[PDB]
Amino acid sequence: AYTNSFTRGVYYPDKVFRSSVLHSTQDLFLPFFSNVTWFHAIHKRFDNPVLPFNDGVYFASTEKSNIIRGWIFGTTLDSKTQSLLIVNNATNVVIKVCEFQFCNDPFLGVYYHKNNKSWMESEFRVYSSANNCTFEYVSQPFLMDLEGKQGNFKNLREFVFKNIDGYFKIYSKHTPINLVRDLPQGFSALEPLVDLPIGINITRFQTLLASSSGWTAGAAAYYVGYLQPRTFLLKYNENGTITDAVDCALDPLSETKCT
Amino acid sequence: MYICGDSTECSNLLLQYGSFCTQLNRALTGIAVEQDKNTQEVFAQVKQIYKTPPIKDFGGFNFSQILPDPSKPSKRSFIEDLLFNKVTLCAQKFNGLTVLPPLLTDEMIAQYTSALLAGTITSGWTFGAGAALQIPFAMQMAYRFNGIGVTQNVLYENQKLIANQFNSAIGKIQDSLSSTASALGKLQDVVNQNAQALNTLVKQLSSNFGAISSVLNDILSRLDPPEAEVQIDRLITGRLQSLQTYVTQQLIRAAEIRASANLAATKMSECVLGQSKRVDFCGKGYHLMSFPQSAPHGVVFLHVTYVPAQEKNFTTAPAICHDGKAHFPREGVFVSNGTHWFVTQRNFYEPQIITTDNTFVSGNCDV
Amino acid sequence: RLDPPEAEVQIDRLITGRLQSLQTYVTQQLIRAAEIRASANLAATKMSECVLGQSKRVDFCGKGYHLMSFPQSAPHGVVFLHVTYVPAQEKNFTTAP
Amino acid sequence: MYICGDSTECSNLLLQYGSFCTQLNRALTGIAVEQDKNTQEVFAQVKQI
Amino acid sequence: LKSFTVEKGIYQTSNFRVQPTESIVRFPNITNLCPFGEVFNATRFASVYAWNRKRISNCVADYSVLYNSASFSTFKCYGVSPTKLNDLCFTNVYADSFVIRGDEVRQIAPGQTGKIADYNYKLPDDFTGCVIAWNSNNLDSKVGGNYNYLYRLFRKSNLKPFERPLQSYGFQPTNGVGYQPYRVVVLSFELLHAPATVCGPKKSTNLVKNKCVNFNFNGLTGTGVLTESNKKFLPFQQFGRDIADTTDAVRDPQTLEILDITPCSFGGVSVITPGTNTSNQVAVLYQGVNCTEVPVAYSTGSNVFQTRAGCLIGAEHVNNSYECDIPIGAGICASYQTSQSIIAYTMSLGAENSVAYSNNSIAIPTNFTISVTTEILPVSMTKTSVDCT
Ligand SMILES: *[C@@H]1O[C@H](CO)[C@@H](O[C@@H]2O[C@H](CO)[C@@H](O[C@@H]3O[C@H](CO[C@H]4O[C@H](CO)[C@@H](O)[C@H](O)[C@@H]4O)[C@@H](O)[C@H](O)[C@@H]3O)[C@H](O)[C@H]2NC(C)=O)[C@H](O)[C@H]1NC(C)=O
Ligand SMILES: *[C@@H]1O[C@H](CO)[C@@H](O[C@@H]2O[C@H](CO)[C@@H](O[C@@H]3O[C@H](CO[C@H]4O[C@H](CO)[C@@H](O)[C@H](O)[C@@H]4O)[C@@H](O)[C@H](O)[C@@H]3O)[C@H](O)[C@H]2NC(C)=O)[C@H](O)[C@H]1NC(C)=O
Ligand SMILES: *[C@@H]1O[C@H](CO)[C@@H](O[C@@H]2O[C@H](CO)[C@@H](O[C@@H]3O[C@H](CO)[C@@H](O)[C@H](O)[C@@H]3O)[C@H](O)[C@H]2NC(C)=O)[C@H](O[C@@H]2O[C@@H](C)[C@@H](O)[C@@H](O)[C@@H]2O)[C@H]1NC(C)=O
Ligand SMILES: *[C@@H]1O[C@H](CO)[C@@H](O[C@@H]2O[C@H](CO)[C@@H](O[C@@H]3O[C@H](CO)[C@@H](O)[C@H](O)[C@@H]3O)[C@H](O)[C@H]2NC(C)=O)[C@H](O)[C@H]1NC(C)=O
Ligand SMILES: *[C@@H]1O[C@H](CO)[C@@H](O[C@@H]2O[C@H](CO)[C@@H](O)[C@H](O)[C@H]2NC(C)=O)[C@H](O)[C@H]1NC(C)=O
Ligand SMILES: *[C@@H]1O[C@H](CO)[C@@H](O[C@@H]2O[C@H](CO)[C@@H](O)[C@H](O)[C@H]2NC(C)=O)[C@H](O)[C@H]1NC(C)=O
Ligand SMILES: *[C@@H]1O[C@H](CO)[C@@H](O[C@@H]2O[C@H](CO)[C@@H](O)[C@H](O)[C@H]2NC(C)=O)[C@H](O)[C@H]1NC(C)=O
Ligand SMILES: *[C@@H]1O[C@H](CO)[C@@H](O[C@@H]2O[C@H](CO)[C@@H](O)[C@H](O)[C@H]2NC(C)=O)[C@H](O)[C@H]1NC(C)=O
Ligand SMILES: *[C@@H]1O[C@H](CO)[C@@H](O)[C@H](O)[C@H]1NC(C)=O
Ligand SMILES: *[C@@H]1O[C@H](CO)[C@@H](O)[C@H](O)[C@H]1NC(C)=O
Ligand SMILES: *[C@@H]1O[C@H](CO)[C@@H](O)[C@H](O)[C@H]1NC(C)=O
Ligand SMILES: *[C@@H]1O[C@H](CO)[C@@H](O)[C@H](O)[C@H]1NC(C)=O
Ligand SMILES: *[C@@H]1O[C@H](CO)[C@@H](O)[C@H](O)[C@H]1NC(C)=O
């Protein structure tokens, strides 16, 4: 589905504390109402495609229980060039920038409630094979609200992935909402989550999930969008939290507003 | 400081160029002196200081809202305080940007305007010519009516109605200025122009002007004398040009401001200290007097004017013949809606019997 | 002291400095001319309205009531002698409308 | 169109020089508005044809 | 004024600026460390024949944690120094870890002599790795003597730059001075070859407040007064900027708090005096400045008065009213009077008067006085022309 965003994809660009200051910034931004690609993770049918990392990727999803464990980033994804593994769970990540040799289905693959629903871990293709490595990082044993607690969907795991002059940055934000329908209208800035002076280039990125013919279709939606160089007027509240934003290129009204 | 403060390199390299700062010092100092002077002419036009008497027995004319109230710490008019509240907008010091407070104080200007209004109401137009001479306000209004060629009698014949109309008008202007703010656009724009000019001047500090960076300290730390100079001279050049630009439009704005100030001083000395005759100069309609009120960096005038409202037309004749001789009106004009002929003052319908004293003879009828 | 090739740099530096100083002087000169011309227009108006005639404008031809004035040439300037009437002593009475 | 007429590189270069031409544009815009204002003030002194 | 005599009045003079009081350096502490602790301190190294080659990047080449060691005898680089490694960022660092004969420590250094040196470790002609000599006899020692670290590499073919003696039975503590086994550790790093991904450590000092000090916080160098501030920074925002996009607030890196920046006082200075022959007593004024700091640079004073437009020195205050003679600002004016001294006061706007308003009396003049007054107006100035050339 060629959906359209409304106001999402806004992340804090800097560490500057601006109090009640309306500041303009020209940078990679996801355009307002930009048409974005919708994906339904089908649990034979599997929506796990390798999509281009066209210089800045905006991922969004409300899933629960960490169905999508992590990301694969690379320009070869076949151990020829060092690739980034970002498989994550409750405690910490196992960030791994290594010339890893991936598999066709390189993920743990916990297929619960799918075959006949008792419990187990199916495979361990998370570690397919490796030509070498070059570096690995393990983050703090945190505990983020990414586990399975549905209630009313409030785990909006929007993620901004950037790789500029070698520094790879990840912005994120947990946004609670109530409407269980498609992305509701609202404003919520995405704070930086992790910076990494990796120094590599990513051309293709693939998802990591957690022939199932006959099983019901998967119930999980996530959106992919691509940022583009645009100018945004960002409103820093008294307490330096971005509360509103405008894009000149949207329409003449926004153009005159920002000018 | 503004260009390259806190550097011996800054000092010596600026010394290389010469005396540009030297000139610009007087450049801005003359502007400041001119501001202070302009204030001096516009306001301090009185030798002595006057004070209103306690008894506000102005023939029923209400002087209060404009008048000072002892209660408030600032002895401003009600309207002047309202204007102060209406008009609205100090982090720029960081680069030697200094604001010199006006020599006078809003309090001093308030006292000056208070004395001006008091002297006006008390002694008509004489105080300007010299020592103020007490007069009845009604007498002054009669003299103004004469000045616009209006017979005094009407003034007394409608004293109460005139007072009521004046009171309603002053209240209405009070309410209008209280509600809307667009009237103060001129002063708001002046303030905004100044602020934006200073703000942009500050902004220019961040430009490399083709240099590797816009941080003189970073240039000094990273580079050694030769290429440090190669970059620093370029930065100095750019900041220099920005500064002369700023000084220039400051000069031009000050020039036009001085022209406006001279115009305002003339308006003061003419509308206020006397009853002029230049059409529309003292506002639209037939000018009577005016009342000044200070505002931050500006002045406000309350032009009071007469305006005819209702009309009743007639038929006229150039002159009259009584005994084969031509009689003409001394003043006014003849008028007849048929039945009878009369003469009246031009600016008011006051029919009168035509008689010997009203008119004067000249020649015979045929011509 | 310097061969023409490198000396060109210093020559350009001095050229730029002298020309920019000259144009700054020109701008100052023309603004001075602007205000002096405004003053001259004012002076001509005063000449016509006070010398050639008796104006009613308040304090336009000097303080007090204006009677007439005289001109006097001055180097690059002019002087006016304003003759004015002014009451001196005042004694007050009782009035009626 | 004058300083760097139709040149992306020249525009990028002039970007380092602040907003001088921006201020100049503001000024000339004010000049044109002043022209119109002068015309209005000097001519349309009456509001009844 | 380029004159031996000056007219009575006020005249602008050289400005004044509060010079800094001291310097302060506040920085975070020793951060993450590159894999150097292992290279220059470990229980076991690699074999001489299998001389270790470790690529190091994406870390902090913290020289502080490395140079805190005192076992080194002479640890300096021919082109750089460890001390100034705080503000140096590396691309990649190669670590060479192997155990050899003690006498072979220098033979690992570039520009050495001996055919037994290149047998196990060839000497490249452009080696920037600084040589380090340190004691590792205990680490390399074994009771009977370790012969496993042999130098059997006797390849006849010439050895290229980084293409991949046995006078003691084994590595024993009984080896004499200069003969005990030594672990050769060299930080062979190159710049301009790989993208910058390694940066250096930092150093900090104590804190001060309410003083014009040259503060350096996280590389931000600037002079000002540091005062505790109630502004609430965000958990990740360490500084704030004003509408002018200029730093105004800074959060301490070490402690978690917010501090303001207040550049220490400065402002014009001017002199007020009567005519030269009139007297030789002067008044000094500091526009937009306070007497709090006037003793910085007449420092005694003994006659000081605060004013909205600055604090005056060397003049006497008067609580009387007179016409302004030399304006000062904020309705303050100076005059020279009686013994004679300079005095300041509140200007007398004018003598108070109050007309006997009765709207029943009329003041009619009895007579008049004709007056003559002068008016002066420029009408022109001298022409001028120039040859541009
Ligand atoms: C010229 O116009 C001025 C109008 O401001 C006259 O000053 C007086 O101003 C007050 C309003 O502040 C007018 O109304 C008075 O209001 C006060 C208090 O205001 C409110 O509270 C009282 C109850 O305490 C209530 O009665 C009022 O209506 C307000 O709700 C009252 O205490 C007064 O009694 C009075 O109502 C005055 O009317 C107004 N006085 C006059 C004569 O207009 C000023 O006096 C006028 N100058 C002359 C010479 O007439
Ligand atoms: C326009 O026509 C009006 C009609 O009245 C004029 O009124 C004027 O009013 C005065 C008196 O108030 C007249 O003088 C005398 O008026 C009395 C009675 O007044 C009216 O009635 C008589 C007829 O009974 C009529 O002749 C008057 O004109 C008045 O209309 C008369 O009994 C006397 O004979 C004597 O007229 C004025 O004569 C009268 N003026 C005129 C022209 O009629 C009003 O003046 C007129 N306006 C102008 C500018 O001419
Ligand atoms: C660099 O300088 C010294 C090196 O030891 C440390 O600074 C100060 O040391 C104090 C005593 O160890 C610490 O006081 C404690 O602070 C904690 C903070 O949660 C309190 O819970 C505890 O009750 C003590 O008050 C203090 O942490 C620290 N303060 C300052 C301004 O420096 C410090 O070394 C550090 O040690 C640990 C605690 C980590 O912070 C390391 O990253 C670091 O090496 C360094 N100062 C810093 C980071 O600001
Ligand atoms: C930056 O500061 C503002 C307030 O200064 C934060 O918004 C919230 O506004 C109110 C009014 O000041 C603050 O007081 C009260 O806090 C309690 C919770 O402690 C809350 O229940 C009240 O309704 C009221 O908000 C409040 O502390 C403040 N923050 C919160 C969470 O309530 C603004 O959120 C701050 N910006 C940040 C944290 O990014
Ligand atoms: C969450 O993630 C961490 C890894 O980031 C997991 O760490 C495990 O710890 C043990 C002992 O160190 C290792 O043997 C395992 O290989 C790690 N598990 C992996 C890599 O999958 C941690 O166990 C995870 N916790 C949960 C509840 O999933
Ligand atoms: C006032 O002058 C007008 C002009 O003729 C006289 O007649 C009026 O003419 C205008 C149009 O020109 C019409 O609008 C009116 O309806 C006309 N009114 C009448 C009564 O004719 C008018 O008579 C004059 N009034 C006088 C002399 O009293
Ligand atoms: C006007 O007539 C009255 C007659 O009483 C006098 O008023 C005096 O006016 C002066 C103002 O200069 C005051 O100083 C006196 O206090 C007033 N005295 C009285 C009794 O009113 C005086 O004869 C005349 N005023 C003049 C010439 O100024
Ligand atoms: C000049 O400095 C003194 C203090 O050094 C100012 O007086 C007050 O001093 C107390 C000391 O606790 C402060 O709390 C006040 O804030 C100070 N007031 C001000 C306005 O700073 C004195 O007022 C200062 N004079 C000026 C700035 O003109
Ligand atoms: C995205 O959605 C909008 C609205 O339907 C549509 O105009 C636009 O063509 C879509 N983008 C595509 C098809 O690429
Ligand atoms: C396994 O068995 C049950 C039998 O009813 C069936 O509901 C389901 O389709 C199968 N898959 C599960 C439980 O995931
Ligand atoms: C891993 O080992 C091989 C040699 O066996 C080497 O070529 C490669 O550079 C090593 N590291 C990576 C990231 O490929
Ligand atoms: C200063 O000027 C002269 C010469 O010093 C001197 O006679 C005079 O007393 C002084 N000025 C005045 C106005 O007295
Ligand atoms: C003037 O009088 C006031 C009140 O007595 C006093 O506070 C002040 O110190 C006096 N100033 C001088 C110069 O006498």
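Numbering of chain E is taken from Swiss-Prot, so the residues present carry the numbers 303-466, 491-623, 636-676, 689-739, in order.
Header entry for method reads electron microscopy, 4.2 Å.
The backbone N, Cα and C atoms fix where each Cβ goes, and this holds for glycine too.
Taken from Swiss-Prot, the feature region 'Disordered' covers E:319-335 (among others). Per DSSP, the region 'Disordered' (E:319-335) is made up of 0 helix, 6 strand, 11 coil.
Around E:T323 (O-linked glycosylation site), the C-beta neighbours below 8 angstroms that are at least 6 residues distant in the chain are E:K537, E:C538, E:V539. For E:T323 (among others), the entry in Swiss-Prot reads O-linked glycosylation site.
Within 10 Å of the Cβ of E:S325 (O-linked glycosylation site) there are 13 other Cβ atoms, across all protein chains. Taken from Swiss-Prot, the feature O-linked glycosylation site applies to E:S325 (among others), supported by experimental evidence.
Annotation comment: Swiss-Prot describes E:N331 (among others) as N-linked glycosylation site, evidence class experimental evidence. Sequence-distant neighbours of E:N331 (N-linked glycosylation site) (same chain, 6+ apart, CB under 8 A from its CB) are E:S530, E:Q580.
Sequence annotations record features per position, and here Swiss-Prot assigns disulfide bond to E:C336-E:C361 (among others) based on experimental evidence. Listed in sequence order, E:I358, E:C361, E:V362, E:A363, E:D364, E:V395, E:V524 are the same-chain residues six or more apart from E:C336 (disulfide bond) with CB atoms under 8 A from its CB.
The feature N-linked glycosylation site is assigned by Swiss-Prot to E:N343 (among others), with experimental evidence given as support. Of all the Cβ atoms in the protein chains shown, 15 others lie within 10 Å of the Cβ of E:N343 (N-linked glycosylation site).
With a cut-off of 8 Å between CB atoms and residues at least 6 apart in sequence, the same chain places E:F377, E:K378, E:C379, E:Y380, E:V512, E:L513 near E:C432 (disulfide bond), listed in sequence order. Per Swiss-Prot, the feature disulfide bond maps to E:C379-E:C432 (among others).
Residues or ranges marked as disulfide bond by Swiss-Prot on the basis of experimental evidence: E:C391-E:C525 (among others). A sphere of 10 angstroms centred on the C-beta of E:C525 (disulfide bond) encloses 19 other C-beta atoms.
The region 'Immunodominant HLA epitope recognized by the CD8+' annotation in Swiss-Prot covers E:448-456, and the record cites experimental evidence as its basis.
Residues or ranges marked as region 'Disordered' by Swiss-Prot: E:519-541 (among others). Same-chain residues lying 6 or more positions outside the region 'Disordered' (E:519-541) and placing a CB less than 8 Å from one of its CB atoms are 320-333, 336, 358-367, 387-395, 547-554, 576, 578-580, 585, 587, 589-590.
The disulfide bond feature in Swiss-Prot is assigned to E:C538-E:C590 (among others); the stated evidence is experimental evidence. In sequence order, E:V320, E:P322, E:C538, E:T549, E:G550, E:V551, E:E619 are the residues near E:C590 (disulfide bond), counting only same-chain partners six or more apart with C-beta under 8 A.
The feature N-linked glycosylation site is assigned by Swiss-Prot to E:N603 (among others), with experimental evidence given as support. All chains included, 7 other C-beta atoms sit within 10 angstroms of the C-beta of E:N603 (N-linked glycosylation site).
Residues or ranges marked as N-linked glycosylation site by Swiss-Prot on the basis of experimental evidence: E:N616 (among others). Long-range neighbours of E:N616 (N-linked glycosylation site) (same chain, six or more residues apart, CB within less than 8 Å of its CB): E:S591, E:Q644, E:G648, E:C649.
Counting Cβ atoms from all protein chains shown, E:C649 (disulfide bond) has 19 others lying within 10 Å of its own Cβ. What Swiss-Prot lists as disulfide bond is E:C617-E:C649 (among others).
Counting Cβ atoms from all protein chains shown, E:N657 (N-linked glycosylation site) has 6 others lying within 10 Å of its own Cβ. Feature annotation from Swiss-Prot assigns N-linked glycosylation site to E:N657 (among others).
Residues or ranges marked as disulfide bond by Swiss-Prot on the basis of experimental evidence: E:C662-E:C671 (among others). Summarising the environment of E:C662 (disulfide bond), the number of other Cβ atoms within 10 Å of its Cβ, over all protein chains shown, is 17.
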Between E:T676 (O-linked glycosylation site) and E:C662 (disulfide bond): CA-CA distance (Å): 17
Long-range environment of the region 'Disordered' (E:319-335) - Cβ separation under 8 angstroms, sequence gap at least 6: 361-362, 364, 366-367, 527-534, 537-544, 549, 552, 578-580, 590-592, 619, 622
E:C538, E:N709, E:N717: the recorded positions whose Cβ falls under 8 Å from a chain C Cβ: E:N717
Using Cα positions only, nearest of the recorded positions to E:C391 (disulfide bond) (E:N343, E:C617, E:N717): E:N343
Secondary structure tally of the region 'Immunodominant HLA epitope recognized by the CD8+' (E:448-456) (DSSP, helix then strand then coil): 0 helix, 1 strand, 8 coil
Separation of alpha carbons, E:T676 (O-linked glycosylation site) and E:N603 (N-linked glycosylation site) (Å): 16
Local Cβ density at E:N709 (N-linked glycosylation site) - other Cβ atoms counted within 10 Å: 18
Cα separation, E:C617 (disulfide bond) to E:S325 (O-linked glycosylation site) (Å, whole number): 24
Disulfide-bonded residues (E:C391, E:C671), the one with most neighbouring Cβ atoms at 10 Å: E:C671
Residue pair E:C617 (disulfide bond), E:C671 (disulfide bond) - Cα distance, angstrom, rounded: 19
